[PDB]
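# give me coordinates for this.
(6 chains)
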Amino acid sequence: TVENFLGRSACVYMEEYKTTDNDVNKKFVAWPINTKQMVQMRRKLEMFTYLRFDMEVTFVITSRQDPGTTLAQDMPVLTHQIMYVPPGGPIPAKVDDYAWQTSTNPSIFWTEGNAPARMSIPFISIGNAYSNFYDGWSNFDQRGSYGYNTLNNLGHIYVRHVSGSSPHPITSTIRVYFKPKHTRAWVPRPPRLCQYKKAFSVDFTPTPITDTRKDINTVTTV
Amino acid sequence: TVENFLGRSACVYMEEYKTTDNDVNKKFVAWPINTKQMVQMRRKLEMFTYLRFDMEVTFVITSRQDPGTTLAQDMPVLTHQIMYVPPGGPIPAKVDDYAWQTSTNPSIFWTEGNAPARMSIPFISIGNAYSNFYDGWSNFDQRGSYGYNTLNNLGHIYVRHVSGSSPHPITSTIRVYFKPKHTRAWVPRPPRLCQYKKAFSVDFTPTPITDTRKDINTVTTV
Amino acid sequence: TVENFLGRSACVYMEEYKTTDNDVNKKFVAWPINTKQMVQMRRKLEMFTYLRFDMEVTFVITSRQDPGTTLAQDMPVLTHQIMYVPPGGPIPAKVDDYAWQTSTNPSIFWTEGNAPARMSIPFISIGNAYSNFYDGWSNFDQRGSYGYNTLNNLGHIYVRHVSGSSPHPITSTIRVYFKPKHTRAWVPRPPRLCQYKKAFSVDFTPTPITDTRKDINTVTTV
Amino acid sequence: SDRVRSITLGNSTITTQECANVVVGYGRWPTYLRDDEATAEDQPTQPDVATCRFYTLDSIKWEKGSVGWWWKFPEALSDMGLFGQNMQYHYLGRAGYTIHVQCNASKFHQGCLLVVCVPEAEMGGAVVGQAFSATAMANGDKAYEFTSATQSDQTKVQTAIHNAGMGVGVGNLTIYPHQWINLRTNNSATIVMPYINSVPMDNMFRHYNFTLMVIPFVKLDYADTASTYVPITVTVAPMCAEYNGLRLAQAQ
Amino acid sequence: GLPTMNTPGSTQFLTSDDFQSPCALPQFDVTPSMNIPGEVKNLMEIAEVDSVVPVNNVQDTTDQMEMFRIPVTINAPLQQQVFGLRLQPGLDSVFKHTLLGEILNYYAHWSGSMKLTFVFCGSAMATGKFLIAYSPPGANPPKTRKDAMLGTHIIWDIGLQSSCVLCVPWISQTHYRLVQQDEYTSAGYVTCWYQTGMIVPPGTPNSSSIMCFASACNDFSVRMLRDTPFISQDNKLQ
Amino acid sequence: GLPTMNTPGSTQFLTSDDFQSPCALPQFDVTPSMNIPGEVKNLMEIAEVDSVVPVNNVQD
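Numbering: from 1, shown residues only, chains lettered A, B, ... in the order given. This is the structure:
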């Protein structure tokens, strides 16, 4: 059933953020939510043109101490903050900025050693169904952006360590899983044959129909 | 609905306290409860003149080992005590003083690695509703304090490590979240336009109505 | 009852995988699921020719720091991923490869310090019952593979550390337990007398019927 | 017989003496937007007979070596009478269509065409990564053609027929509303497409709702007949056309 | 607190688990549902749809489209073979990339009957009868029409009805076969022969093409979800 | 103890979560409610009120 086929958590993104680093941007993640960067999930969703579902999101966060000459330290357990910033909200420029107050945006505070964080999001499109493809433009002129990317404005996910500055750097990796539930799908399409080349475009390199055999009667293996 | 708009936990305060330091005051936090120091929550509450609600309080406490030349140690898990001192009660002068006995004041003992501490407080005003603004004085004379600060006497929050003296200092940061529930609001006001300058006064710097465009007919972007 | 006799978890496999090593294969486990490598469970199942049951699988994972000259480090808690790859699915060639996305294969993410991971699998044979023995060939010719191994195509189990690269190597050992439940058994056989020699064949070395005594009337011990 | 068919919309009537059936969308007949499915609040125009009538596009030649053609809608009808005029003056539009593909030969000719309507027929560029312009896929009622060879011209779409410009198997296009014109039995194909989109109405210039593809799966062949090419003509009628958001006409 | 005791499995992340979890966007008002045409509920609905089988997937293929055209010609030797294929819908190159084969490749087990529809694409003036058969597994495939006619078959006559359906029944010792088929799980062969011959009147082409479609029947089902061998990557895209 | 198993999401702090938590001031007697005029229940009540639009927001 489509509910069953799509209803398993799949990794849709992963990135690293350090506990301490000279580069401000290496200390937090800023991800523009989408389902086009991880090949497996993408191919499945793309078997349908339109989809409507609620979404279960699970996060798997792991930390490792960076290698170095002096590693002796005794760091207490780490706590992470995952904040969702709907389109247009203030975006954090550094781990310690005001935006992390989340007076209105939804955030999750999670501590290592515990069950992975999780929550449900309802069907949030401004349309009646999510579009996996969009054969059109952003401008009425028939110019601007072309393709599904023009309809992607789900916002961002921002994640940082709470007050985790450690003497020697620790690198955390966050993995985000999506599991659609209460699903409906319309107008099915042929599965993607060519390998994916870009995250935000259908772009591909011609690939042959299938593999070949010596003649039209060959039926043996050797 | 106002219940929904105000009903999300927002950070209203944060401070650090060390496990070991030469300065007595660096080892515990003393906070005069109020909702005027963190800009986001403040702007939301201030959209109404009077408010009446119960309050859910959640604490997020994280610890980090201070950087230094020698960091090798093996410190057991830390336990914190958060005590609420109603106006007039004995205030602690140091981490180890008698006041921490809490025979009557409410306290929470919490150990790191666990779910964040939380509890509910009912509507505790001496008035029929909390006032976000107060156009008046403390003295009948029309002198003394001016403004809402004259009605703020909710008491303090005091927090310390229980018996956490470590060989090398560890710094804990406490973040306190407020989530109003079972809310009622009266006489709505225009949202704050000017940026906030002071925690205990309406004070501001004149800010223009809005941003400008070239002429009254300009409707394009470029 | 057969349900009771077979219904206890038994170790059916164990292997080690390192957190960091120069050899790619030393960092993850790839196991072709079967019940013939651990002698105790094997002898029990083999007391019946055909079996039909659901399966409860429990994993016991433990980690130890490898001995060495410099051992000081402070590694955060480890998280493991156990993925089941049904026959024909993409197999991981290294800890960091795309196959670990599990958009469709079932995986378990588990963190140390917690209750051992566990799940149930239904009766998954393509036949009406699992065969403990198969007196036959793979080819119609009466050639190819001989024996039960020709019917074993349950797939593989792959396990790795999630992002656990540590400065000094840590060795994890995974132990997998099987507990059949909702069992049915047919055509019972004599218990295995000779010790087992191979994982995938009945092969043995002749062993005497039983042990001897001096004469047919000896009934004392000394 | 049932082979006989007559269709009347507005001031035009279509007749066929040798047809198959009439394929209807996904079993969905075109229909005006209901109050419980609308967002745009202004009272719409429903020109009726002036727009919902049959328009015949320029004809094309099916030759022994032809490979296939496509037309994108509503673009293909942008110059057709009041239908085109209404498209220009309105921000939003909505319509279903009766598509009638005509092709007559003789009892001695052989050949077979697939007539399909592909919703959201988003296409790939001739060279991956290289953007192309609208002109590479649609321009009034001009028929675009597929090729046997893979396309090299980066200003074009990847026209290799076996992947239908979409990266899928051309023999699987049958999951979309379609009909076959097998010269041996048919002489035309009629498909009624309802409005299919993820939003209730849409701009008619900026979005090509569906693409009509006519592909020879079995090549045109014949013996010593004086006739050489066999013409293929497409006649289409908008159905239940309604428009919202009137303002000045879009220049093109 | 209520006394509890954690059991094995506690804290693990099983990919196919099915638990509840907190919603990060409390009270989010979902966009109303809309009735879009073409809803799919089971992947078997897709596998039940015909797709063109590349039967003529021979070595010397110059033009890709030729793979879909089965050659048939005039004056063919009596009892000549038209084609032969082995029934491994998920493994053999003839089927693996069709709609049915693609769906099968996300599973490890399959069971059920199949429909192989053949459509004659020559002129209305050509005639012919073909014998299409299915041979359950055995040590040797049929090498002659005489061998083939002993199995399940249908004799196709060309007329107004251009297509013919050979329905290959589920004949197996096990309830399910493996998608990654092996000898134990062997399904047999499907072969086609000239019953009479393709006869033609004057002024018509000398050879013609036959096409083959494949889809699942209503007794068909798949089991054991698995990843497909048909897609991979060496790097993140971008 | 009753056998339990923690699922993903365990121990996390989601800003928009909606759980119960212990009250730090057990048995606190709340000040009685009073009927103040102008109660708001939905922000849309505010958006439904007219405000003056700066239409002539020109450059000079």
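# residues contacting the residue of chain D most remote from its centre?
Relative to the centre of chain D, and counting by CA atoms, centre = their mean, the farthest-placed residue is residue D:224 at 33.2 Å. Applying CB atoms under 8 Å, 6 or more residues apart in numbering or on different chains to residue D:224 gives the contacts residue E:203. (C-beta placed from N, C-alpha, C; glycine too.)
# hang on, it in a helix?
No - going by DSSP: H, G, I helix; E, B strand; the rest coil, the assignment for residue D:224 is coil, not a helix.
# helices or strands up against the longest helix belonging to chain A?
Using DSSP state H, we find that the single longest helix of chain A is helix A:39-45. Identification of packing neighbours for helix A:39-45 by 3 or more CB pairs under 8 Å, 6 or more residues apart in numbering or on different chains; DSSP states H and E yields helix A:2-6, strand A:10-18.
# burial count for the residue of chain D found nearest chain C?
Sorted by distance to chain C under CB to the nearest CB, the residues of chain D start with residue D:167, at 19.8 Å. Residue D:167 sits with 21 neighbouring residues when counted by other CB atoms under 10 Å in any protein chain shown.
# how near is it to residue E:64?
14 Å (CB to CB, to the nearest Å).
# for residue D:13, same thing?
43 Å.
# equivalent analysis for residue D:35, please.
Separation of residue D:35 from residue E:64 (CB to CB): 51 Å.
# the two: who's more crowded?
Neighbour totals were compared for residue D:35 and residue E:64, and residue E:64 leads with 19 against 5 (other CB under 10 Å).
# that older thread, which one, of the helices and strands packed on helix A:39-45, ends up nearest to chain F?
Of all those, it is strand A:10-18 that lies closest to chain F, at 12.9 Å by CB to the nearest CB.
# re the thing from before, check contacts around the residue of chain D closest to chain C.
Contacts of residue D:167 by CB under 8 Å, 6+ apart are A:190, A:192, A:193, A:194, A:202, A:204, D:124.
# let's see it at 7 Å
With contact set as CB atoms under 7 Å, 6 or more residues apart in numbering or on different chains, residue D:167 has these partners: A:192, A:193, A:194, A:204, D:124.
# who's in contact with the last one?
So the one you mean is residue D:124. A:202, A:203, A:204, D:157, D:158, D:165, D:167 are the contacts of residue D:124 under CB under 7 Å, 6+ apart.
# check the first one too.
Remark: with contacts taken as CB under 7 Å, 6+ apart, residue A:192 is in contact with A:43, A:46, D:167.
# wait, doesn't the first one sit right on residue E:231?
In other words, residue A:43. Yes - applying CB atoms under 7 Å, one finds residue A:43 in contact with residue E:231, separated by 6.1 Å.
# contacting residues for residue 152?
The chain I'm using is chain A. Residue A:152 touches residue A:34, counting by CB under 7 Å, 6+ apart.
# that answer is for a different chain, and I need it for chain E
Counting by CB under 7 Å, 6+ apart, residue E:152 has contacts E:133, E:134, E:169.
# same question for residue D:64.
Neighbouring residues of residue D:64 by CB under 7 Å, 6+ apart: D:219, D:220, D:221.
# turn those residues into TSV, including secondary structure, neighbour count and distance to residue A:72.
Below are the contacts of residue D:64 laid out as TSV (DSSP: H, G, I helix; E, B strand; the rest coil; neighbours: other CB atoms under 10 Å in any protein chain shown; distance: CB to CB, whole Å):
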residue	secondary structure	neighbour count	distance to residue A:72
D:219	strand	18	79
D:220	strand	22	82
D:221	strand	16	84
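# and of those residues, the nearest to chain F?
residue D:219 (58.0 Å).
# contacting residues for that closest one?
Listed by CB under 7 Å, 6+ apart, the contact set of residue D:219 reads D:64, D:111.
# could you give the number of residues near the closest residue to chain D within chain A?
Taking CB to the nearest CB, chain D has its nearest neighbour within chain A at residue A:190, 3.1 Å off. When neighbours are defined as other CB under 10 Å, residue A:190 has 21 of them.
# that one and residue D:170 touch, don't they?
No - Residue A:190 is beyond contact range of residue D:170, at 9.4 Å (criterion: CB under 7 Å).
# in CSV: the helices and strands packed on helix A:39-45, plus mean neighbour count.
Shown next, in CSV, are these (neighbours: other CB atoms under 10 Å in any protein chain shown):
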stretch, mean neighbour count
helix A:2-6, 18
strand A:10-18, 19
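# distance to chain D added to these, as CSV?
Formatted as CSV, the helices and strands packed on helix A:39-45 follow (distance: least, CB to the nearest CB, whole Å):
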stretch, distance to chain D
helix A:2-6, 15
strand A:10-18, 21
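# circling back to that earlier point, closest to residue C:100 among the contacts of residue A:192?
residue A:43 (16.2 Å; CB to CB).
# what residues are up against that closest one?
A:191, A:192, E:231.
# from chain F, how far off is it?
Distance, residue A:43 to chain F, by CB to the nearest CB, to the nearest Å: 24 Å.
# ditto for residue E:12
Per CB to the nearest CB, residue E:12 is found 8 Å from chain F.
# how near is that residue to residue C:75?
For residue E:12, the distance to residue C:75 equals 20 Å [CB to CB].
# what does residue E:100 give?
50 Å.
# which one's more surrounded, those two?
residue E:100 (27 against 19).
# thought the more buried one was touching residue E:214?
Yes - counting by CB under 7 Å, residue E:100 does reach residue E:214; the two are 5.5 Å apart.
# what do the two both touch?
residue E:51.
# the longest strand seen in chain E vs chain D: in contact?
Using DSSP state E, we find that the single longest strand of chain E is strand E:207-216. Yes - Strand E:207-216 lies within reach of chain D by CB under 7 Å from any CB of the partner chain, at residue E:209.
# after that strand, which helix or strand is next?
strand E:221-225 (DSSP states H and E).
# strands paired with that next one, and their directions?
strand E:107-111 (antiparallel) (DSSP bridges).
# what's the strand it pairs with in contact with?
For strand E:107-111, the external contacting residues (CB under 7 Å, 6+ apart) are C:86-88, C:126, E:89-90, E:104, E:170, E:175-180, E:220-226.
# how close does the residue most central in space within chain E get to chain F?
Note on chain E: the residue nearest the mean C-alpha position is residue E:100, at 4.3 Å, using CA atoms, centre = their mean. Residue E:100 sits 36 Å away from chain F, going by CB to the nearest CB.
# ok, now residue A:52?
22 Å.
# before we move on, what about residue A:81?
7 Å.
# residues contacting that residue?
Residue A:81 neighbours (CB under 7 Å, 6+ apart): A:100, A:107, A:109, A:159, A:160, A:162.
# my guess is the first one contacts residue A:93. True?
It refers to residue A:100. No - in this structure residue A:100 lies outside contact range of residue A:93 using CB under 7 Å: 10.7 Å.
# which of those two has more neighbours?
Using other CB under 10 Å, the more surrounded residue of residue A:100 and residue A:93 is residue A:100, with 20 against 13.
# neighbour-wise, which of the contacts of residue E:152 leads?
Result: residue E:133 is most packed of those (other CB under 10 Å), 24 neighbours.
# just to be sure, it is in a strand?
Yes - the assignment for residue E:133 by three-state DSSP puts it in a strand.
# so it makes contact with residue E:150?
No - using CB under 7 Å, residue E:133 is not in contact with residue E:150, being 8.4 Å away.
# tabulate the contacts of residue D:167 in a markdown table, adding columns for secondary structure.
Formatted as a markdown table, those follow (three-state DSSP):
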| residue | secondary structure |
| --- | --- |
| A:192 | coil |
| A:193 | coil |
| A:194 | coil |
| A:204 | coil |
| D:124 | coil |
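# let me know the closest of those to chain F.
Of these, the one sitting nearest to chain F (CB to the nearest CB) turns out to be residue A:192, at 29.0 Å.
# am I right that residue D:195 is in a strand?
No - if the criterion is three-state DSSP, then residue D:195 is coil and not within a strand.
# so which bits of stretch A:60-77 are buried?
A:60-66, A:71, A:73-77 (16 or more other CB atoms under 10 Å in any protein chain shown).
# same question but for stretch E:36-46, I mixed them up
By 16+ other CB under 10 Å, the buried positions in stretch E:36-46 come out as E:36, E:37, E:38, E:39, E:40, E:43, E:44, E:46.
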